[PDB]
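Accompanying notes for the structure given below.
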Ligand SMILES: CC(C)CCC[C@@H](C)CCC[C@@H](C)CCC[C@@H](C)CCOC[C@@H](CO)OCC[C@H](C)CCC[C@H](C)CCC[C@H](C)CCCC(C)C
Ligand SMILES: CC(C)CCC[C@@H](C)CCC[C@@H](C)CCC[C@@H](C)CCOC[C@@H](CO)OCC[C@H](C)CCC[C@H](C)CCC[C@H](C)CCCC(C)C
Ligand SMILES: CC(C)CCC[C@@H](C)CCC[C@@H](C)CCC[C@@H](C)CCOC[C@@H](CO)OCC[C@H](C)CCC[C@H](C)CCC[C@H](C)CCCC(C)C
Ligand SMILES: *C/C=C(C)/C=C/C=C(C)/C=C/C1=C(C)CCCC1(C)C
Ligand SMILES: *C/C=C(C)/C=C/C=C(C)/C=C/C1=C(C)CCCC1(C)C
Ligand SMILES: *C/C=C(C)/C=C/C=C(C)/C=C/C1=C(C)CCCC1(C)C
Ligand SMILES: CCCCCCCCCCCCCCC
Ligand SMILES: CCCCCCCCCCCCCC
Ligand SMILES: CCCCCCCCCCCCCC
Ligand SMILES: CCCCCCCCCCCCCC
Ligand SMILES: CCCCCCCCCCCCC
Ligand SMILES: CCCCCCCCCCCCC
Ligand SMILES: CCCCCCCCCCCCC
Ligand SMILES: CCCCCCCCCCC
Ligand SMILES: CCCCCCCCCCC
Ligand SMILES: CCCCCCCCCCC
Ligand SMILES: CCCCCCCCCCC
Ligand SMILES: CCCCCCCCCCC
Ligand SMILES: CCCCCCCCCCC
Ligand SMILES: CCCCCCCCCC
Ligand SMILES: CCCCCCCCCC
Ligand SMILES: CCCCCCCCCC
Ligand SMILES: CCCCCCCCC
Ligand SMILES: CCCCCCCCC
Ligand SMILES: CCCCCCCCC
Ligand SMILES: CCCCCCCC
Ligand SMILES: CCCCCCCC
Ligand SMILES: CCCCCCCC
Ligand SMILES: CCCCCCCC
Ligand SMILES: CCCCCCCC
Ligand SMILES: CCCCCCCC
Ligand SMILES: CCCCCCCC
Ligand SMILES: CCCCCCCC
Ligand SMILES: CCCCCCCC
Ligand SMILES: CCCCCCC
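Protein chains in written order, with the working numbering: chain A, 1 to 231; chain B, 1001 to 1231; chain C, 2001 to 2231.
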């Protein structure tokens, strides 16, 4: 385990997702409101899944070697298994907040699936130049998601409760900034151009992941917006 | 096929899931009620999926060799492919019975996914001691599911029709007893401590599977609880 | 890339799915109706997914070699990854058109999953004779889907708006004819009996895919049936 310099960030990531999971689980114990239960369910599942996949990376299961550039390159494939489930869940949190129509939810989740799936293919592609073709397609899918979060959702929120509008706005901004960093880290890290070494890359992803999941969740679950308006 | 002593239980399992599938399909032919159609759909799909995966194990496709303990260990991975889809379907049957809120359904299905996914990782893990780490996490996810089935669902059922309350109670009890045996069999069988040989392990899983799927389905689909109250 | 004679059909397929995707995306820009948004979302996702998987086949990622018949046989596994997601989406388009009950939708999607999953197992099976066992099970699942599209849906459509009835009828007929060709092509092509060479097989699948996705989508998205009745 300790033979990989990035182990420390995997261990920290595992611990923080674990602690985040336990905290949200305990916090959601005293919740009977059906709307709030949905948000607690979605939001607690996110670090729970991330916990399992961080642990899989820490123990070495979620790592494979991919030959490109005439080298055996360590690729943590478990990230994509995580993101495949957790990024649509995060989008669902946002979509449910603003009472998105079903068509838009399907568009988001579908685009997200394409984003992660093509990122995975890019990560495992042995022809070096083609890795960036997949990166570009995945990034286009991300750009679509970001467009919808801004020019389909933000104007929907203004027509809703002020607490849901303000909470959505914060979470939207957090999401757009944090999510946009991922293709950059991939591009310059071990999966892409290889300018940033894997240990630093792992640190960067860990900071992004904890912020995008536990940070996000802390903001969401402390908000009154997740409760139905009741007396 | 006959070169594996466990083939007989795989063959029997295949036949019983097949027959179970055909029986539920025929039985559901004369059903127009929209609620009953949901239960027939869910409940017929369960042995249909199990049929395909038993057949895959029988024909040898759903088997791989995993090196641990300095041995090549036969691991039937197809079980997890089965359970990944059939256990949430079984939980959906229960959840729909008691008209569970969406948040609770998501919690159940999500926990179930974690249960099966981590069981799969445990099954394929090459570091012997780590297999039991995954077993423990999976078992914790199972315990969460069982907690919800008792302390989130049972009190919901009492507020519903007597036929749905009584049927849920029976199916809940069947589910908790049968499902709890699976981590025990895994732990002592070829995936875990290796005390019980694979042929007996396969027998045990076959008895559990047929009971948890066809047995469960027979109880559910004979009940009046799957029909909306109509005149 | 050009080393495989079928590359031309993969390239054409990629281009046509890409163009189809862009066309539906642009066309759906000026849509606010919640019902129409659902259909645009579903129908645009279908060629988008197919685009990615055609590209994966073109670049060689979505190809593996399967030993059977004492030969190394090129099997494009990416087709199943495509179909796993796009065929239920296509069925959802049809089901939503006729306002299918949830039980029937689950039956369709479930049968479809079995159809594609067993086709995949058949495609990767190393025992030649067993490949056709999987083909038969998959074809039985297809026959179930076709039965439901005719003897569960058609009589539902007649009870609905004339525009939805007529559009459903056309799309149903297109779907039944086109989908039925797939098991035939598989059976006689490289996955099955090997009578038709892979380059021609790839052409046939490309024509079917573009017709079943872009052709289908063009018919659906030009129809008034995807809009709620409004003044
Ligand atoms: C609505 C939305 C959800 C839509 C989703 C968008 C989605 C279509 C985007 C593309 C997803 C697709 C790329 C997933 C591919 C998974 C693949 C990387 C798994 C690894 O297999 C790749 C090679 C080794 O590199 O296997 C060696 C060859 C082996 C023989 C491989 C054979 C097994 C195949 C992998 C079977 C395909 C199953 C499905 C791809 C499962 C989906 C997995 C998940 C990652 C989407
Ligand atoms: C809401 C709920 C549904 C949440 C679900 C909870 C879920 C997160 C729990 C964990 C699921 C995750 C462990 C699934 C892992 C699948 C993996 C075992 C497949 C086999 O690949 C493992 C190694 C060989 O041992 O592959 C050799 C290396 C290869 C290069 C592997 C690369 C391909 C990757 C497998 C791509 C990942 C795709 C997804 C994991 C598909 C999910 C499969 C299913 C089993 C969940
Ligand atoms: C409600 C509906 C959706 C129901 C769906 C119906 C469905 C049950 C029908 C059967 C699906 C099932 C056959 C999928 C099998 C995927 C499998 C082909 C992936 C490739 O792995 C096969 C072998 C190499 O040939 O791997 C070499 C051995 C490796 C060690 C394999 C270990 C990893 C396993 C693949 C883990 C299983 C994960 C799930 C099968 C993911 C589903 C993938 C998708 C194709 C259904
Ligand atoms: C909790 C984890 C999160 C929120 C991860 C989000 C990941 C992304 C937004 C990844 C995007 C990528 C691209 C846009 C292209 C390059 C490859 C990816 C997958 C890193
Ligand atoms: C129809 C099949 C059923 C109902 C199978 C259920 C399986 C489980 C409840 C399995 C649980 C496991 C654990 C709790 C940890 C050990 C590994 C598993 C996957 C066997
Ligand atoms: C857009 C792609 C479409 C509509 C593909 C549809 C594919 C099928 C209907 C495939 C059916 C098969 C069988 C019925 C058995 C043989 C194997 C398959 C998977 C080709
Ligand atoms: C979106 C964040 C991308 C910026 C990443 C900056 C990382 C700087 C770390 C120094 C690079 C290490 C190179 C020498 C080993
Ligand atoms: C490929 C995995 C996609 C599924 C991710 C799980 C989250 C799905 C959320 C469903 C949103 C509801 C749409 C109507
Ligand atoms: C990883 C596979 C999970 C999907 C299993 C299929 C059953 C899902 C049931 C969905 C329940 C509805 C939730 C609102
Ligand atoms: C194995 C992949 C199955 C999921 C395919 C995605 C489409 C699912 C459509 C869901 C229909 C809604 C059912 C209530
Ligand atoms: C085009 C949609 C406008 C809002 C999205 C902001 C785009 C941020 C660019 C991210 C950079 C990724 C490499
Ligand atoms: C803690 C929830 C109470 C109901 C669940 C019963 C737990 C049964 C233990 C199963 C043993 C698994 C090894
Ligand atoms: C049995 C359902 C009647 C409508 C389905 C038509 C069946 C077409 C046969 C397709 C041939 C596949 C090999
Ligand atoms: C070896 C790198 C070759 C450059 C490939 C860049 C492709 C990026 C695609 C963006 C449209
Ligand atoms: C393929 C990238 C798409 C980003 C621009 C958005 C196009 C308009 C979409 C309107 C729903
Ligand atoms: C070789 C066996 C070593 C014991 C591992 C047991 C781990 C179980 C984890 C329960 C918390
Ligand atoms: C991680 C195992 C959880 C089992 C105990 C239940 C904790 C309380 C959950 C309340 C929804
Ligand atoms: C080598 C071919 C052997 C014939 C197998 C055909 C099986 C088809 C199953 C249809 C019930
Ligand atoms: C297993 C093939 C099934 C095709 C015939 C349909 C049987 C009746 C189903 C009624 C819903
Ligand atoms: C509750 C604390 C969870 C921490 C477990 C994972 C940390 C890795 C330690 C090596
Ligand atoms: C309808 C009977 C189904 C039995 C087929 C599978 C049994 C295995 C026989 C070797
Ligand atoms: C918009 C045009 C998309 C075409 C890209 C794929 C075609 C393959 C060219 C070799
Ligand atoms: C992106 C950083 C999130 C900060 C989380 C703090 C939560 C305090 C309520
Ligand atoms: C767990 C055993 C189930 C027994 C099924 C019998 C069904 C008869 C109605
Ligand atoms: C199966 C062929 C479909 C033809 C599509 C033409 C669409 C024109 C409206
Ligand atoms: C990590 C355990 C949380 C302790 C309770 C915090 C207040 C809800
Ligand atoms: C007005 C909301 C600002 C949130 C920005 C957070 C950036 C990490
Ligand atoms: C809208 C601001 C996005 C900032 C992107 C930063 C990526 C590191
Ligand atoms: C396995 C075939 C079932 C025969 C009909 C049973 C009575 C519905
Ligand atoms: C009161 C219901 C009892 C059911 C127990 C079944 C145990 C297998
Ligand atoms: C509530 C009783 C559970 C019994 C567990 C038996 C496991 C073999
Ligand atoms: C492929 C681009 C489509 C151009 C607009 C067509 C009319 C909606
Ligand atoms: C009456 C609808 C006829 C459609 C047939 C299309 C065959 C490809
Ligand atoms: C209902 C007519 C089906 C035609 C099947 C054609 C397959 C090539
Ligand atoms: C909570 C489980 C953590 C396992 C870490 C083992 C190194």
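Beta carbons: idealized from backbone N, C-alpha and C, even for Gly.
Residue i - containing alpha helix (DSSP H), residue span
i	result
residue 206 of chain A	198-210
residue 1034 of chain B	1034-1058
residue 150 of chain A	128-151
residue 2105 of chain C	2102-2124
residue 2005 of chain C	No alpha helix (DSSP H) contains residue 2005 of chain C, which DSSP labels as neither H nor E.
residue 2219 of chain C	2216-2221
residue 1 of chain A	No alpha helix (DSSP H) holds residue 1 of chain A; DSSP gives it neither H nor E.
Closer than 7 Å to chain C by CB, residue i
i	result
residue 1021 of chain B	no
residue 196 of chain A	no
beta-carbon residue i near ligand 34 non-hydrogen atom, thresh 6 Å
i	result
residue 2180 of chain C	yes
Contact test: residue i Cβ vs ligand 6 heavy atom, cutoff 6 Å
i	result
residue 2074 of chain C	no
Residue i: contacting residues in chain B (beta-carbon distance under 7 Å)
i	result
residue 2101 of chain C	1034, 1037
residue 48 of chain A	1114
Closer than 7 Å to chain A by CB, residue i
i	result
residue 2061 of chain C	yes
residue 1094 of chain B	no
Proximity test, Cβ basis, 7 Å: residue i and chain B
i	result
residue 41 of chain A	yes
residue 2110 of chain C	yes
Residue i: CB within 6 Å of a non-hydrogen atom of ligand 1
i	result
residue 2077 of chain C	yes
Any non-hydrogen atom of ligand 27 within 6 Å of residue i CB
i	result
residue 1199 of chain B	no
Nearest-angstrom beta carbon gap, residue j and residue i [assumed within contact, 8 Å]
i	j	result
residue 141 of chain A	residue 118 of chain A	7 Å
residue 2096 of chain C	residue 2038 of chain C	6 Å
residue 2176 of chain C	residue 2149 of chain C	6 Å
residue 2009 of chain C	residue 2203 of chain C	5 Å
residue 81 of chain A	residue 53 of chain A	6 Å
residue 219 of chain A	residue 174 of chain A	7 Å
residue 2145 of chain C	residue 2108 of chain C	6 Å
residue 2014 of chain C	residue 2045 of chain C	The Cβ separation is near 17 Å, so there is no contact.
residue 2111 of chain C	residue 2161 of chain C	At roughly 27 Å, the Cβ-Cβ gap does not stay under 8 Å, so residue 2111 of chain C and residue 2161 of chain C are not in contact.
Under 8 Å from the C-beta of residue i: neighbouring residues of chain B
i	result
residue 2117 of chain C	1052
Chain-ordered neighbours of residue i on chain A, where CB pairs are closer than 7 Å
i	result
residue 1130 of chain B	59
residue 1125 of chain B	61
residue 1121 of chain B	56, 61
CB contact check: residue i to chain F, cutoff 7 Å
i	result
residue 1045 of chain B	Judged by its chain identifiers, the structure shown contains no chain F, and its protein chains are A, B and C.
Any non-hydrogen atom of ligand 32 closer than 6 Å to residue i Cβ
i	result
residue 2026 of chain C	yes
Contacts that residue i makes with chain C (C-beta to C-beta distance below 7 Å)
i	result
residue 107 of chain A	2041
Residue i: CB within 6 Å of a non-hydrogen atom of ligand 12
i	result
residue 1144 of chain B	no
residue 1153 of chain B	no
N- and C-terminal bounds of the beta strand (DSSP E) containing residue i
i	result
residue 64 of chain A	64-68
Residue i CB to nearest heavy atom of ligand 31 below 6 Å
i	result
residue 1174 of chain B	no
residue 1207 of chain B	no
Distance cut-off 6 Å: residue i Cβ against heavy atoms of ligand 4
i	result
residue 213 of chain A	yes
residue 135 of chain A	yes
Contacts of residue i in chain B (Cβ-Cβ under 9 Å)
i	result
residue 2137 of chain C	1051, 1052, 1055
Closer than 6 Å: residue i CB and nearest ligand 19 heavy atom
i	result
residue 53 of chain A	no
Check: residue i C-beta below 6 Å from any heavy atom of ligand 9
i	result
residue 46 of chain A	no
Any non-hydrogen atom of ligand 5 within 6 Å of residue i CB
i	result
residue 2202 of chain C	no
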